[PDB]
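Presented below is the structure to which this report refers.
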Amino acid sequence: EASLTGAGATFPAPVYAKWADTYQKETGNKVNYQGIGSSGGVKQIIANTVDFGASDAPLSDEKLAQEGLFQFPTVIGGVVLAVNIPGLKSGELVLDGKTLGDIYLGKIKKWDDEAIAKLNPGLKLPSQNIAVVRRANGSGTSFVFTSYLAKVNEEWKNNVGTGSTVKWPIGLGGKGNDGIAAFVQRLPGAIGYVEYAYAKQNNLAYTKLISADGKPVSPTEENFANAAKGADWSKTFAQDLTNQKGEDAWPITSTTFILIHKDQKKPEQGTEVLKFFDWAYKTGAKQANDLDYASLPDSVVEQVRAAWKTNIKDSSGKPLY
């Protein structure tokens, strides 16, 4: 039995924790996962204070080569806009990218703004002020969200840009996906971006969004999977899944990555990390779907296995898989 420690992204934390509990029950192996944000996960793996790091923002091939790291995707999730609007039920408000950007730029300040009313003809919107909530920590969810806004709102792209940390025009700061969930819950009129599981688990209302093709879509595991149907995984695991074309393609979708060292100084730990992720691919799909995360296609998991064999070795050059 081994004790493993991982750290990083809160985006997939609900599923990593579920897998860890089940894995211990079946095998006795212990996996301790710390949700400290993707930036923190990257610093930790490079500092070698953990067996594996986790980040929703992929590292470039050069940065991976420079640090002697290897990265692989685990699941596909989606970012949603959790809202606290009195009188509105979940899934009934619809927003488009342009308007969402104008809300985050501070251009739109009330829930009954003309720009929002026009997108929601049947709705009777309140003249409630909007309280914007964003991440206070270095975040892979912020990276995905800002990558999306830069595509749909030019003023956002030119003035604030994309990043795991940016100079937010307005808004209160919440720590982790759980921190944003807690804020929305306690602030009438609030809007905040979180990975879907956090909204669902906390019974938070969320909005629909207009797809890249121009149709309103609901956030569901299937619709996150739809956003990834045209990604060519054979070329690279670092796929951008925001604003993708296609029927029922959730616009703010993303996969997430695990980072491990190519030259394993503690081979026994390295071997056990791969066994845990292999077990998750083989048996953990049901748990991932229970939490509304879509699974990676079998072809992709096969590419990852082929890559483990070629890349992960001990100091004597022997493969650990």
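Chain A is numbered as in Swiss-Prot; the shown residues are, in order, 26-346.
Each Cβ is built from the backbone N, Cα and C atoms, and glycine gets one as well.
Residues or ranges marked as phosphate binding site by Swiss-Prot: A34, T35, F36, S63, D81, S164, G165, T166. In sequence order, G33, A34, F36, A79, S80, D81, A82, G163, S164, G165, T166, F168, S189 are the residues near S63 (phosphate binding site), counting only same-chain partners six or more apart with C-beta under 8 A.
Cβ atoms within 8 Å of the centroid of the Cβ atoms of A34, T35, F36, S63, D81, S164, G165, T166 (the phosphate site) belong to the same-chain residues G33, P37, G62, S80, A82, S167, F168, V169, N202, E220, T281, site residues excluded.
Put simply, the two farthest-apart Cα atoms among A34, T35, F36, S63, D81, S164, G165, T166, the recorded binders of phosphate, are 9 Å from each other. Its own atom aside, the Cβ of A34 (phosphate binding site) has 32 Cβ atoms within 10 angstroms in the protein chains shown.
For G165 (phosphate binding site), the number of other Cβ atoms no farther than 10 Å from its own Cβ, over all displayed protein chains, is 29.
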